[PDB]
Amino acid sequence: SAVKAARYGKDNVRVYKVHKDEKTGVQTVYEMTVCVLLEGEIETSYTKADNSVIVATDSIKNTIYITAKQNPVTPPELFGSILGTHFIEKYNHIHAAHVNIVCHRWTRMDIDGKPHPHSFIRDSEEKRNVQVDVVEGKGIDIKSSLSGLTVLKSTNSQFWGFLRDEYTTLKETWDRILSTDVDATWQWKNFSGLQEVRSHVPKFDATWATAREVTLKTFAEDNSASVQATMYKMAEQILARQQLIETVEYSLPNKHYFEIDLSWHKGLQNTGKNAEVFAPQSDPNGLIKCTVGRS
């Protein structure tokens, strides 16, 4: 037998950073969870009990904190590129570094109509994420995403015209609830290295903002024929607004809200045009995925 693939490192590394403006007194906070897994000439740690090739996972943890102290942590695409580049440059025998970052929201509070200099709120579990793969000889591959963006529209969603056979019970509908948890990922052109990533830094926050704005406006304004049709419109608009992304991927659950027939009780009418009270269903759920690229 032989090792065909291997990677190891430190997961679930929580990191906070503060920036303090001492002339204005304004503070800004950043919080993330980081994972770094390394690849390289490490097979003998597995086959021969040779730990000399292991950069200890504790040391990887230390390196995350040191890198955050000495470098910007925003945008996360940049921080992950800096961090992954470090491992392949510092260690001759390490040839790839896989950096995953989850960014947590800390939104400045408004108090009596004025932004507060040092107080923040977690407005939602929506995350901004990156996956940064730094591969020696191959450059830096970045996937950026937003996840956990939970939305609902109460009308202007439809689902009719689907295949019907002996397995089908679902009724067609011209007016339903649509609710989902948005997971949207944009895949950047390969970067040759850290210099090229730095050259595009303003594009990372701009493109996250565009993706979020397109997602919300299209969800709200599309009189949706299906999750499939609406998600494609989102993806195509994001591609049209950033030439440096190659693909946009969505993964969307269809979090079902079922009508409740109450007509067995005093003739109460709660279906169709009379539908007011619904039963949100925890499981099962539809799951719809698409990756859109340029022709």
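The first residue of the sequence shown is number 1, and the count goes up from there.
(request) Using the B-factors recorded in the PDB entry, average over the C-alpha atoms of 110-118 and of 167-175, then report which stretch comes out higher. (result) Looking at the recorded C-alpha B-factors, 110-118 comes out higher on average.
(message) Going by the mean C-alpha B-factor recorded in the entry, which is higher: 233-241 or 32-40?
(response) For C-alpha atoms only, the mean B-factor is higher in 233-241.
(request) Check the PDB entry and point out which of 180, 154, 144, 74 has the largest C-alpha temperature factor. (result) Most elevated C-alpha B-factor of the set, per the entry: 74.
(request) Report the option among 252, 64, 49, 56 whose CA atom has the maximum B-factor in the deposited record. (result) Most elevated C-alpha B-factor of the set, per the entry: 49.
(message) Quick check for you: using the entry's CA B-factors within this chain, is residue 138 in the lowest, middle or highest third?
(response) Highest third.
(request) Among all modelled residues of this chain, ranked by Cα B factor, put residue 104 in the bottom, middle or top third, i.e. lowest, middle or highest. (result) Lowest third of the chain for residue 104's C-alpha B-factor.
(request) Using the B-factor values recorded in the entry, state whether the Cα atom of residue 265 falls in the lowest, middle or highest third among the modelled residues of its chain. (result) For residue 265, the deposited C-alpha B-factor lands in the highest third.
(request) Looking at the entry's B-factor column for C-alpha atoms only, identify whether residue 26 ranks in the lowest, middle or highest third of its chain. (result) Highest third.
(message) Test of reading the entry: by CA B factor among the chain's modelled residues, which third contains residue 201?
(response) CA B-factor rank for residue 201: highest third.
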